[PDB]
file upload07.cif (mmCIF, N, CA and C atoms and all ligand atoms)
data_final
loop_
_atom_site.label_atom_id
_atom_site.label_comp_id
_atom_site.auth_asym_id
_atom_site.auth_seq_id
_atom_site.Cartn_x
_atom_site.Cartn_y
_atom_site.Cartn_z
N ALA A 1 53.38 43.71 57.69
CA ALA A 1 53.50 43.60 59.13
C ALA A 1 54.93 43.91 59.62
N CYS A 2 55.15 43.98 60.88
CA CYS A 2 56.51 44.27 61.36
C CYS A 2 57.25 43.13 61.98
N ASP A 3 58.53 42.91 61.68
CA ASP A 3 59.22 41.80 62.32
C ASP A 3 59.59 42.23 63.73
N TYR A 4 59.88 43.49 63.95
CA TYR A 4 60.27 44.09 65.24
C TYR A 4 59.54 45.45 65.25
N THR A 5 58.90 45.79 66.39
CA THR A 5 58.23 47.09 66.47
C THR A 5 58.82 47.75 67.75
N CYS A 6 59.37 48.90 67.49
CA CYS A 6 60.06 49.71 68.51
C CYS A 6 59.31 51.05 68.56
N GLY A 7 58.32 50.95 69.49
CA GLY A 7 57.45 52.17 69.74
C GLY A 7 56.59 52.27 68.41
N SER A 8 56.88 53.33 67.70
CA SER A 8 56.16 53.54 66.44
C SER A 8 56.98 53.03 65.24
N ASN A 9 58.21 52.65 65.48
CA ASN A 9 59.02 52.17 64.34
C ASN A 9 58.82 50.68 64.06
N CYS A 10 58.64 50.41 62.76
CA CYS A 10 58.38 49.16 62.06
C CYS A 10 59.63 48.68 61.38
N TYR A 11 60.12 47.48 61.70
CA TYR A 11 61.31 46.98 61.05
C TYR A 11 61.08 45.61 60.53
N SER A 12 61.61 45.40 59.41
CA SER A 12 61.52 44.06 58.73
C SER A 12 62.87 43.43 59.10
N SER A 13 62.95 42.13 58.89
CA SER A 13 64.16 41.31 59.12
C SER A 13 65.24 41.93 58.23
N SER A 14 64.91 42.28 57.00
CA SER A 14 65.99 42.80 56.14
C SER A 14 66.66 44.06 56.71
N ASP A 15 65.80 44.79 57.38
CA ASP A 15 66.28 46.05 57.99
C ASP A 15 67.31 45.74 59.09
N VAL A 16 66.92 44.83 59.94
CA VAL A 16 67.79 44.45 61.07
C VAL A 16 69.13 43.93 60.43
N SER A 17 69.02 43.03 59.44
CA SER A 17 70.15 42.45 58.81
C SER A 17 71.14 43.50 58.21
N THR A 18 70.57 44.48 57.56
CA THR A 18 71.43 45.54 56.97
C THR A 18 72.10 46.42 57.99
N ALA A 19 71.44 46.80 59.07
CA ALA A 19 72.03 47.58 60.16
C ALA A 19 73.11 46.72 60.83
N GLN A 20 72.77 45.56 61.26
CA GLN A 20 73.70 44.60 61.89
C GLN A 20 74.90 44.42 60.98
N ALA A 21 74.85 44.20 59.70
CA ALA A 21 76.05 43.99 58.89
C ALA A 21 76.96 45.21 58.95
N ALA A 22 76.37 46.40 59.01
CA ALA A 22 77.13 47.65 59.07
C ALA A 22 77.86 47.79 60.41
N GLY A 23 77.12 47.47 61.48
CA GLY A 23 77.72 47.59 62.84
C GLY A 23 78.87 46.61 63.04
N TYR A 24 78.69 45.39 62.56
CA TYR A 24 79.78 44.39 62.76
C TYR A 24 81.04 44.72 61.97
N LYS A 25 80.81 45.19 60.76
CA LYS A 25 81.97 45.50 59.91
C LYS A 25 82.89 46.55 60.62
N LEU A 26 82.22 47.57 61.13
CA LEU A 26 82.93 48.62 61.79
C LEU A 26 83.54 48.01 63.04
N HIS A 27 82.74 47.16 63.69
CA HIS A 27 83.28 46.54 64.94
C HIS A 27 84.63 45.85 64.54
N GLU A 28 84.57 45.13 63.45
CA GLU A 28 85.80 44.45 63.06
C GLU A 28 86.98 45.33 62.65
N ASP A 29 86.75 46.48 62.05
CA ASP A 29 87.85 47.35 61.68
C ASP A 29 88.34 48.20 62.81
N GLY A 30 87.63 48.21 63.89
CA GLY A 30 88.07 48.99 65.09
C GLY A 30 87.83 50.47 64.88
N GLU A 31 86.77 50.80 64.17
CA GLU A 31 86.33 52.15 63.89
C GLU A 31 84.99 52.39 64.52
N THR A 32 84.80 53.67 64.67
CA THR A 32 83.57 54.30 65.30
C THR A 32 82.88 55.33 64.43
N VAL A 33 81.66 55.62 64.67
CA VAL A 33 80.90 56.62 63.93
C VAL A 33 79.95 57.32 64.94
N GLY A 34 79.92 58.63 64.72
CA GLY A 34 79.08 59.58 65.44
C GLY A 34 79.71 60.00 66.77
N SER A 35 79.01 61.00 67.33
CA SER A 35 79.49 61.55 68.62
C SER A 35 79.36 60.58 69.73
N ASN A 36 78.54 59.52 69.62
CA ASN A 36 78.43 58.60 70.76
C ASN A 36 79.27 57.38 70.46
N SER A 37 80.17 57.42 69.54
CA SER A 37 81.02 56.28 69.16
C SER A 37 80.30 54.94 69.06
N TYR A 38 79.65 54.64 67.93
CA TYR A 38 78.99 53.39 67.63
C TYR A 38 79.84 52.59 66.63
N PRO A 39 79.95 51.29 66.65
CA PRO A 39 79.30 50.45 67.64
C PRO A 39 80.06 50.52 68.97
N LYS A 40 79.40 50.21 70.01
CA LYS A 40 80.00 50.21 71.37
C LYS A 40 79.52 49.05 72.17
N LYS A 41 80.27 48.71 73.22
CA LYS A 41 79.82 47.55 74.07
C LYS A 41 78.46 47.85 74.67
N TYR A 42 77.61 46.86 74.71
CA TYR A 42 76.30 46.89 75.30
C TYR A 42 76.52 46.05 76.56
N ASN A 43 76.33 46.64 77.70
CA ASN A 43 76.51 46.08 79.06
C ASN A 43 75.50 45.19 79.77
N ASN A 44 74.28 45.22 79.28
CA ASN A 44 73.09 44.47 79.72
C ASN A 44 72.68 44.90 81.09
N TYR A 45 72.69 46.22 81.36
CA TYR A 45 72.27 46.60 82.70
C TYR A 45 70.89 46.09 83.01
N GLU A 46 70.07 46.03 82.02
CA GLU A 46 68.69 45.59 81.98
C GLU A 46 68.53 44.14 82.35
N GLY A 47 69.56 43.39 82.08
CA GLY A 47 69.48 41.94 82.42
C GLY A 47 68.54 41.18 81.51
N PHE A 48 68.49 41.47 80.24
CA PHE A 48 67.61 40.74 79.33
C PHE A 48 68.28 39.35 79.14
N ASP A 49 67.51 38.30 78.91
CA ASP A 49 67.91 36.94 78.70
C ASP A 49 68.11 36.58 77.22
N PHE A 50 69.24 37.12 76.71
CA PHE A 50 69.59 36.93 75.32
C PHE A 50 69.93 35.44 75.11
N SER A 51 69.63 35.00 73.94
CA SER A 51 69.84 33.59 73.58
C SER A 51 71.22 33.36 73.04
N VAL A 52 71.95 34.41 72.78
CA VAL A 52 73.34 34.34 72.22
C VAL A 52 74.36 34.76 73.29
N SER A 53 75.57 34.40 73.16
CA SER A 53 76.57 34.77 74.21
C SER A 53 77.14 36.15 74.00
N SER A 54 77.51 36.72 75.13
CA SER A 54 78.14 37.97 75.38
C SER A 54 79.57 37.85 74.94
N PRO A 55 80.35 38.89 74.70
CA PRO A 55 80.01 40.30 74.81
C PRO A 55 79.10 40.70 73.66
N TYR A 56 78.40 41.77 73.87
CA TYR A 56 77.39 42.45 73.12
C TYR A 56 77.81 43.87 72.77
N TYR A 57 77.43 44.26 71.57
CA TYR A 57 77.69 45.57 70.92
C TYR A 57 76.38 46.15 70.41
N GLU A 58 76.26 47.45 70.56
CA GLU A 58 74.95 48.09 70.07
C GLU A 58 75.37 49.08 68.97
N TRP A 59 74.51 49.11 68.02
CA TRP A 59 74.57 49.98 66.81
C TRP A 59 73.19 50.49 66.53
N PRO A 60 73.02 51.73 66.17
CA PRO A 60 71.64 52.23 65.85
C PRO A 60 71.03 51.74 64.55
N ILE A 61 69.74 51.55 64.57
CA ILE A 61 68.89 51.09 63.46
C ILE A 61 68.02 52.38 63.34
N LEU A 62 67.91 52.83 62.11
CA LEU A 62 67.11 54.05 61.85
C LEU A 62 65.76 53.75 61.19
N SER A 63 64.72 54.50 61.60
CA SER A 63 63.37 54.36 61.10
C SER A 63 63.29 54.67 59.63
N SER A 64 64.16 55.51 59.09
CA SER A 64 64.19 55.83 57.64
C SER A 64 64.66 54.70 56.79
N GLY A 65 65.38 53.74 57.37
CA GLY A 65 65.88 52.62 56.60
C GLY A 65 67.33 52.96 56.20
N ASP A 66 67.72 54.17 56.42
CA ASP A 66 69.12 54.54 56.04
C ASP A 66 70.05 53.88 57.13
N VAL A 67 71.27 53.75 56.65
CA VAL A 67 72.34 53.18 57.51
C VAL A 67 72.92 54.35 58.35
N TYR A 68 73.07 54.17 59.65
CA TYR A 68 73.59 55.30 60.45
C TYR A 68 74.93 55.74 59.99
N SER A 69 75.18 56.99 59.90
CA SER A 69 76.48 57.53 59.52
C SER A 69 76.91 58.80 60.26
N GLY A 70 76.16 59.16 61.27
CA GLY A 70 76.40 60.33 62.09
C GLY A 70 75.06 61.04 62.36
N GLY A 71 75.20 61.96 63.30
CA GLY A 71 74.19 62.82 63.79
C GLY A 71 73.28 62.00 64.72
N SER A 72 72.07 62.40 64.78
CA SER A 72 71.12 61.69 65.66
C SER A 72 71.02 60.21 65.43
N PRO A 73 71.28 59.40 66.48
CA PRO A 73 71.15 57.96 66.36
C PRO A 73 69.76 57.42 66.54
N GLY A 74 68.87 58.34 67.05
CA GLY A 74 67.47 57.92 67.26
C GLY A 74 67.46 57.09 68.52
N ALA A 75 66.35 56.36 68.79
CA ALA A 75 66.21 55.60 70.03
C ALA A 75 66.40 54.11 69.92
N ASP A 76 66.46 53.67 68.70
CA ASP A 76 66.57 52.23 68.42
C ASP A 76 68.01 51.66 68.20
N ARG A 77 68.19 50.46 68.72
CA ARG A 77 69.50 49.82 68.60
C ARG A 77 69.36 48.34 68.32
N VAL A 78 70.31 47.83 67.54
CA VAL A 78 70.44 46.45 67.11
C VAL A 78 71.64 45.99 68.04
N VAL A 79 71.46 44.87 68.71
CA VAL A 79 72.44 44.30 69.64
C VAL A 79 73.03 43.02 69.04
N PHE A 80 74.33 42.95 68.73
CA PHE A 80 74.97 41.71 68.17
C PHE A 80 76.18 41.27 68.96
N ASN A 81 76.67 40.07 68.71
CA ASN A 81 77.88 39.63 69.50
C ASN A 81 79.07 39.50 68.53
N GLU A 82 80.09 38.89 69.17
CA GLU A 82 81.35 38.58 68.51
C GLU A 82 81.33 37.67 67.28
N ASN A 83 80.32 36.86 67.21
CA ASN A 83 80.08 35.90 66.17
C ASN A 83 79.07 36.37 65.06
N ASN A 84 78.67 37.61 65.27
CA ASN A 84 77.73 38.34 64.42
C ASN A 84 76.35 37.69 64.43
N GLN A 85 75.99 37.32 65.65
CA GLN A 85 74.70 36.70 65.93
C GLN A 85 73.84 37.82 66.44
N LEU A 86 72.57 37.88 65.97
CA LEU A 86 71.70 38.94 66.46
C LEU A 86 71.25 38.58 67.92
N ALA A 87 71.37 39.46 68.87
CA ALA A 87 70.94 39.17 70.22
C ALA A 87 69.54 39.72 70.45
N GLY A 88 69.27 40.89 69.83
CA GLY A 88 67.99 41.53 70.01
C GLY A 88 67.88 42.95 69.41
N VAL A 89 66.69 43.50 69.42
CA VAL A 89 66.47 44.89 68.91
C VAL A 89 65.97 45.62 70.14
N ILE A 90 66.56 46.72 70.58
CA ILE A 90 65.99 47.32 71.80
C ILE A 90 65.72 48.79 71.64
N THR A 91 65.09 49.44 72.52
CA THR A 91 64.83 50.89 72.33
C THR A 91 64.66 51.69 73.65
N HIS A 92 65.05 52.93 73.59
CA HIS A 92 64.90 53.84 74.69
C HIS A 92 63.44 54.31 74.72
N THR A 93 62.65 54.15 73.64
CA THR A 93 61.28 54.60 73.56
C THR A 93 60.43 53.90 74.64
N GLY A 94 59.67 54.50 75.51
CA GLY A 94 58.86 53.81 76.49
C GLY A 94 59.71 53.27 77.64
N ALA A 95 60.93 53.74 77.67
CA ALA A 95 61.83 53.28 78.80
C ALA A 95 62.19 54.54 79.56
N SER A 96 62.27 54.58 80.85
CA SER A 96 62.66 55.77 81.60
C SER A 96 64.13 56.10 81.43
N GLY A 97 64.44 57.39 81.38
CA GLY A 97 65.84 57.82 81.20
C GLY A 97 66.45 57.18 79.95
N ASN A 98 67.70 56.73 80.18
CA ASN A 98 68.54 56.04 79.18
C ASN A 98 68.42 54.56 79.31
N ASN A 99 67.32 54.03 79.90
CA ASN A 99 67.14 52.58 80.05
C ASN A 99 66.61 52.09 78.67
N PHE A 100 66.47 50.81 78.49
CA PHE A 100 65.99 50.27 77.24
C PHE A 100 64.98 49.16 77.55
N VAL A 101 64.15 48.89 76.60
CA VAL A 101 63.12 47.89 76.65
C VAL A 101 63.28 47.10 75.36
N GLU A 102 62.82 45.90 75.22
CA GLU A 102 63.02 45.19 73.91
C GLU A 102 61.87 45.61 72.96
N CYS A 103 62.14 45.62 71.70
CA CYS A 103 61.16 45.91 70.62
C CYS A 103 60.44 44.57 70.51
N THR A 104 59.13 44.70 70.22
CA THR A 104 58.24 43.53 70.15
C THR A 104 57.91 42.89 68.84
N1 LIG A 201 70.75 51.68 79.46
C1 LIG A 201 71.78 51.17 79.05
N2 LIG A 201 72.68 51.84 78.36
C2 LIG A 201 73.94 51.30 77.92
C3 LIG A 201 74.35 49.94 78.11
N3 LIG A 201 75.56 49.79 77.51
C4 LIG A 201 75.91 50.92 77.00
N4 LIG A 201 74.95 51.90 77.19
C5 LIG A 201 74.96 53.26 76.78
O1 LIG A 201 75.31 54.10 77.85
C6 LIG A 201 74.39 55.15 78.15
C7 LIG A 201 74.43 55.26 79.62
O2 LIG A 201 73.54 54.26 80.18
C8 LIG A 201 73.11 54.68 77.41
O3 LIG A 201 72.43 55.82 76.93
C9 LIG A 201 73.70 53.90 76.21
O4 LIG A 201 74.12 54.59 75.05
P1 LIG A 201 73.19 54.85 73.78
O5 LIG A 201 72.21 55.83 74.32
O6 LIG A 201 74.11 55.74 72.87
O7 LIG A 201 72.75 53.60 73.08
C10 LIG A 201 73.35 49.23 78.84
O8 LIG A 201 73.32 48.04 79.18
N5 LIG A 201 72.11 49.81 79.31
CA CA A 202 62.43 49.14 56.41
#

call {"tool": "encode", "arguments": {"input": "upload07.cif", "output": "structure tokens"}}
result
Amino acid sequence: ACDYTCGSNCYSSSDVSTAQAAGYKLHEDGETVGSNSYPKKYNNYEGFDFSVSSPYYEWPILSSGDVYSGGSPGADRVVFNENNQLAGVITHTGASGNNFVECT
């Protein structure tokens, strides 16, 4: 079964955990990856009611299970905070434009 389902993508908790550990580490070293500079601040334009405190950073989670390292980031993102608490998994899939919806 899926712990998080983002459109057609299936993610297990381990998947989220491995992406999140990668995003935070980079967040801590003050480094970026890819043309869209990840991880980056997540602004909450959407106004989702996260259970963890802001500020928020987004990093891509890939359907292949590989850790993002450049090129296409895909539509899925793992959202974490300063304390490395998971806030949520979100996706551009099924969302208009560059908006996001939460993975279910
Ligand atoms: N929609 C949306 N995008 C954000 C937010 N914070 C940063 N972004 C990024 O800014 C762009 C302009 O909205 C979005 O595509 C997204 O980049 P990503 O596509 O690379 O994740 C946010 O709260 N909402
Ligand atoms: Ca997986």

call {"tool": "residues_around", "arguments": {"input": "upload07.cif", "residues": "range 83-97 of chain A", "least_positions_apart": "3", "cutoff": "8 Å", "atoms": "all atoms listed in the file", "output": "MDAnalysis selection string"}}
result
chainID A and resid 4:8 16 20 24 49:56 74:80 100:104

call {"tool": "residues_near_ligand", "arguments": {"input": "upload07.cif", "ligand": "ligand LIG 201 (chain A)", "cutoff": "5 Å", "atoms": "only N, CA and C atoms and all ligand atoms", "output": "number ranges by chain"}}
result
A: 41-46, 98-100

call {"tool": "closest_residue", "arguments": {"input": "upload07.cif", "among": "A:60, A:65, A:30, A:73", "to": "ligand CA 202 (chain A)", "atoms": "only N, CA and C atoms and all ligand atoms"}}
result
A:65

call {"tool": "residues_near_ligand", "arguments": {"input": "upload07.cif", "ligand": "ligand CA 202 (chain A)", "cutoff": "6.5 Å", "atoms": "only N, CA and C atoms and all ligand atoms", "output": "PyMOL selection string"}}
result
chain A and resi 10-12+15+63-65

call {"tool": "atom_distance", "arguments": {"input": "upload07.cif", "atom1": "CA of residue 1 in chain A", "atom2": "atom C of residue 21 in chain A"}}
result
23.5 Å

call {"tool": "atom_distance", "arguments": {"input": "upload07.cif", "atom1": "atom C of residue 27 in chain A", "atom2": "CA of residue 2 in chain A"}}
result
28.3 Å

call {"tool": "atom_distance", "arguments": {"input": "upload07.cif", "atom1": "atom N of residue 22 in chain A", "atom2": "atom N of residue 35 in chain A"}}
result
17.0 Å

call {"tool": "closest_residue", "arguments": {"input": "upload07.cif", "among": "A:9, A:14, A:19, A:33", "to": "residue 67 in chain A", "atoms": "all atoms listed in the file"}}
result
A:19

call {"tool": "closest_residue", "arguments": {"input": "upload07.cif", "among": "A:18, A:32, A:81, A:37", "to": "residue 66 in chain A", "atoms": "all atoms listed in the file"}}
result
A:18

call {"tool": "select_by_dssp", "arguments": {"input": "upload07.cif", "residues": "range 12-46 of chain A", "states": "alpha helix (DSSP H)", "output": "VMD selection string"}}
result
chain A and resid 13 to 29

call {"tool": "closest_residue", "arguments": {"input": "upload07.cif", "among": "A:26, A:58, A:34, A:48", "to": "residue 72 in chain A", "atoms": "all atoms listed in the file"}}
result
A:34

call {"tool": "decode", "arguments": {"input": "upload07.cif", "residues": "range 89-100 of chain A", "atoms": "N, CA, C and O atoms", "output": "short mmCIF file (atom, residue, chain, number, x, y, z; two decimals), in the first residue's frame"}}
result
data_model
loop_
_atom_site.label_atom_id
_atom_site.label_comp_id
_atom_site.auth_asym_id
_atom_site.auth_seq_id
_atom_site.Cartn_x
_atom_site.Cartn_y
_atom_site.Cartn_z
N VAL A 89 3.69 16.15 2.34
CA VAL A 89 4.19 15.72 1.00
C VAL A 89 3.25 16.43 0.04
O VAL A 89 2.05 16.23 0.29
N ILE A 90 3.72 17.22 -0.91
CA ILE A 90 2.70 17.89 -1.75
C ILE A 90 2.97 17.71 -3.21
O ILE A 90 4.07 17.29 -3.49
N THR A 91 2.12 18.07 -4.08
CA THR A 91 2.41 17.87 -5.53
C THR A 91 1.69 18.87 -6.47
O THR A 91 0.61 19.37 -6.14
N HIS A 92 2.34 19.16 -7.56
CA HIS A 92 1.78 20.00 -8.58
C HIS A 92 0.78 19.17 -9.40
O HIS A 92 -0.04 19.73 -10.13
N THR A 93 0.80 17.83 -9.34
CA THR A 93 -0.07 16.97 -10.10
C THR A 93 -1.54 17.24 -9.74
O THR A 93 -1.83 17.15 -8.51
N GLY A 94 -2.48 17.51 -10.60
CA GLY A 94 -3.87 17.75 -10.22
C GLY A 94 -4.06 19.13 -9.61
O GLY A 94 -5.09 19.31 -9.01
N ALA A 95 -3.04 19.93 -9.76
CA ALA A 95 -3.16 21.34 -9.21
C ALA A 95 -3.03 22.26 -10.41
O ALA A 95 -2.14 22.01 -11.17
N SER A 96 -3.74 23.32 -10.55
CA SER A 96 -3.60 24.24 -11.67
C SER A 96 -2.30 25.03 -11.61
O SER A 96 -1.80 25.42 -10.58
N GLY A 97 -1.71 25.27 -12.78
CA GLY A 97 -0.44 26.01 -12.83
C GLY A 97 0.62 25.36 -11.94
O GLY A 97 0.89 24.14 -11.94
N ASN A 98 1.31 26.27 -11.22
CA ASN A 98 2.37 25.93 -10.25
C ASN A 98 1.83 25.84 -8.87
O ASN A 98 2.58 25.98 -7.91
N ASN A 99 0.50 25.60 -8.68
CA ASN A 99 -0.09 25.50 -7.34
C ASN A 99 0.22 24.06 -6.87
O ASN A 99 0.67 23.25 -7.64
N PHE A 100 -0.10 23.73 -5.65
CA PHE A 100 0.16 22.41 -5.13
C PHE A 100 -1.08 21.95 -4.34
O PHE A 100 -1.85 22.77 -3.90
#
